[PDB]
Every structure is written in C-alpha cells, then in structure tokens.
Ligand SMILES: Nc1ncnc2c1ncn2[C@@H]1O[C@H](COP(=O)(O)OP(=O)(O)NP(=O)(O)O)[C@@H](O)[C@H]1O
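Given next, in structure tokens, is a single chain: the form deposited without this ligand.
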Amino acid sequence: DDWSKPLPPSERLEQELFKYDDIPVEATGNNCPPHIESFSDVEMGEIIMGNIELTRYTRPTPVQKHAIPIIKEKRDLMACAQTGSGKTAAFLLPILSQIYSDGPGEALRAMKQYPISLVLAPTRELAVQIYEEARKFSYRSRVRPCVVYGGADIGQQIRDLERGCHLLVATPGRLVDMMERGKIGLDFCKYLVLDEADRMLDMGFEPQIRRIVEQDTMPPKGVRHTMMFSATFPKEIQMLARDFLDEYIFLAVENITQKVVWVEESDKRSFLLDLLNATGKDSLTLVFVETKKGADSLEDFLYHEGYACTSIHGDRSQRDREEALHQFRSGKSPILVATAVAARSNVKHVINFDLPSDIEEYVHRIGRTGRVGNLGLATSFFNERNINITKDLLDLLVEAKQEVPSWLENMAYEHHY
C-alpha cells in the first residue's frame, strides 16, 4: 500500500499514453510562495518526475511556474488563465504528487467509490482531455483516474468507476446523477479544482456545483484544497471564489503590429535615425538596448544628431529616472532609451534596437505600446547575435498573426530543424 513506489512497467501501456499572451503573470496574496523556473525546483517524487520524462514535457508554462508552487504548499488558488496555458498539468502534477506521498489514508486503508480528488469541467471535450493527462501522470502508480460526463452511456461509466476511482474528472450534471445513485461519495475529497468556472457558469451549472460542493458530504474549504480556473474574472466568479476558496492566492495572466528586420550592428544607428525621422509630432518612442553603456552611448549619439531624447537604466538614481520620465512624458524629449529597466504608459512605438536574449523580455517590452485600445507598432532589429531567439520569436509572430519574414523561418530551419 505504498503509493510512492512505482508499479512494474508496461510498454503496451507506454506507447498508448506517450500561450505567449499569458507570460505577464502576477500572483498576490498572504505569504505567496515564489514561482519556480523548472519542474525540478519542486520535489514531486519518483513517479511524477518519471512520467514527466515520458511526456517529453520540457519547461513549465508561465501559469505552471506560479500555480505549481502555490498548490504544493496547499494554498487555495483563484487563477484567471486561458485554454492553452498548461492549466491541467499545473494542478494535476502537485495534487497527484501529494496523493502518492500521503497514500490513501486510514479511512480508505481499512476499506461505491470515494475519490480523493475531484476535477469539475464544463464540457465533455475538456473532461476527457483532463482525464487523458491524468493517466499519463498516474502511469505505474496505484492511483486510478476516472472520467464521467453527460451525453454518453452512463452504464459504461458506472462499470469503470467500480474498478476503482481515486481521482475523478466529471461534468457537473453527470456527477450529481452518480451521487443520487449512490455510486460516488465525496466524504474523502481532499482536492477540488474547478476548470473553466466562467464557462461552467455560462452553461448554467451553478446549481449543480453548489449541490456538489455545499449541500452534500464534501469537506469544507480550509479542510479540502480548492483551485478555481477561469478564462474571465467577472464578479460572479469572484463571489463563487469567496464562497469556495479559503485564504487563497489570486493569480492573473495583440493590437500591436510587429515588424522584424535584419540590421547589422554597424547599421543600427542609421536604421534608427530613419525610424525617428519618420515619427509624428508628439508620438512617444521607446528604444530598448542591451547594456547600460549602450544606452549612454546611444543617447549621446542621438543628441549630437539633433534628436531630443533621454535615457534610463539600472545605475540611474531614482532622481535621474524621474527627470528622464518627466522629459519623456511631457513630450520635450519624446525618445526614451532604456535597458530592461523599463520593461516592467502611452507609447506609440517600441524599437528593439537590440533584441533581448529571452522571449519573455520581448513580451514585456512590446507590452508598453498598443495599450488599452490604441494602435501600437513594435520594430525589432535582428542579426546573427540574435539566433538564440529565432525559434521563439518566429513562433510568437505566427501566433500573433503577424507577417513573418521569409528569411526568418529559413534561419529557424537551418539552425534548429
């Protein structure tokens, strides 16, 4: 009855089983656990780490970087995250990891089915999707996932439950039916997550959810560990979160024309001058560069060429920074040269004089333009010093439905394949 010990392998089973808008992400709450950079930063045990290998799962998605460490400290979570941010692994990994570590508990040890974990989904296509990922992370484990949803044969689902159910995925209406039929009890449900809670509300599932969570045998908030996921955060969702969550963490996650052009290092100042000379009366331009001395040298160059500009970087005093922000937003010096210091308001044009080394700085940078309904332009200079970001920038431009330079996908092929 050790649940941290992996079962004997099975290769037949093995082969059967085996976006960018969400990168500005902030979690706020009491003693919020800091976000991780890799699945290695949390110790989720042999089975979980094993099955992570088998999925070929590489790095944690932005939501996974913040959700996973929150879940592992058994803190409730209200997460506003969209379809495609890696929500499923974000809660399935730490929950199962804890289930392996603790085992089934003396109630189910000295023993209808009692799932230790209940995942509620609005639709059949998402319930099955969550279920399929649960089997991949429960492979070679004694934890058996099940899935239960309306619109299909209830007789076959009943037959699957009786083969054992410790993690249950379900749609609200079909789960209510299984408890009236006395096939499921929630008396030992220590983990409850609600996926796409907004859609679950939109589809009219609140009475079933309140019946599942409040009018029956499920342990209350503070005892059970609760997670809510929803793409939008209207007040209806906030009131359900205050009803269902306890001392929780709030986690929150392209009207911009993006142009990438090839510019050799010795041509960058000339290319910049041409972009500035085509800039309107009082449009503000944000010029991002790599190094503090780069920002210093470039502001002097622009001054000697007759452009009213200013500068800001990490070694600037808070006073020097305020002076630059004054001249910039008064329009007197409408060009601001900055390092990463100014990646994290109403800027019309962001120029990546130097592209950054990682795709996340690129997101933060272009996020200073094209704000709240305005039109924004982001122009980036690219050469051989930037192949380290070829593949991630190409993937981003494709997702953003931006024009992709034909030579850029050619260099992604030639370097990565």
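For the two forms, the rigid core is made up of the largest set of C-alpha atoms that agree within 1.5 Å on superposition. Throughout, we count residues from 1 along the sequence that is shown.
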Determine, among the other compared PDB entries that model residues flanking residue 373, whether at least a third leave it unmodelled.
yes
Establish whether the other compared PDB entries of this protein leave residue 403 unmodelled at least a third of the time.
no
What number of deposited residues lacks coordinates in the span between residue 18 and residue 19: none, 1 to 3, 4 to 9, or 10 or more?
10 or more
Please classify the coordinate gap between residue 159 and residue 160 in terms of deposited residues: none, 1 to 3, 4 to 9, or 10 or more.
none
Would you determine, from the values in the PDB entry, which of 293 to 301 and 277 to 285 has the greater average C-alpha temperature factor?
277 to 285
Tell me which stretch has the larger mean Cα B-factor in this entry, 149 to 157 or 330 to 338.
149 to 157
Deposited CA B-factor, highest of 77, 170, 240, 111
111
Residue set 351, 363, 32, 67, per-entry CA B-factor max assigned to 32
Ranking the modelled residues of this chain by C-alpha B-factor as given in the entry, is residue 47 in the lowest, middle or highest third?
lowest
Name the third of the chain's ranked CA B-factors that contains residue 209, choosing lowest, middle or highest.
middle
When the deposited Cα B-factors of this chain's modelled residues are ordered and cut into thirds, is residue 116 in the lowest, the middle or the highest one?
lowest
Residue 55: C-alpha B-factor third of its chain, per the entry, is the highest
Of the three thirds of its chain by CA temperature factor, lowest, middle or highest, which one includes residue 94?
lowest
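There is another form of this protein, the form deposited with this ligand bound, and it is not shown here; the text below is about that form.
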Which residue, 257, 232, 283, 129, has a heavy atom that falls within 4.5 Å of this ligand in the deposited bound form?
129
If you check 164, 86, 103, 294 against this ligand in the deposited bound form, which one has a heavy atom within 4.5 Å?
86
I'd like to know if residue 58 sits close to this ligand in the deposited bound form, meaning any non-hydrogen atom pair within 4.5 angstroms.
yes
Hey, in the deposited bound form, is residue 39 touching this ligand, heavy atoms inside 4.5 Å?
yes
Should residue 177 be counted as a contact of this ligand in the deposited bound form, where contact means heavy atoms within 4.5 Å?
no
Classify residue 196 as contacting or not contacting this ligand in the deposited bound form by the rule of any non-hydrogen atom within 4.5 angstroms, answering yes or no.
yes
Looking at 151 to 159, 87 to 95, 209 to 217, 257 to 265, which one sits within 4.5 Å of this ligand in the deposited bound form if you count heavy atoms only?
87 to 95
Superposing on the core, which single option in 58, 31, 40, 374 has a CA shift of 2 Å or more between this form and the one not shown?
374
On a rigid core superposition, would residue 403 pass a 2 Å threshold for CA movement between this form and the one not shown?
yes
Once the core is aligned, please say if the CA of residue 282 is shifted by at least 2 angstroms between this form and the one not shown.
yes
Residue 309 C-alpha moves between this form and the one not shown by 2 Å or more, core aligned:
yes
Do residue 401 and residue 199 have their C-alpha atoms closer or farther apart in the deposited bound form than here, with the shift being 3 angstroms or more?
closer
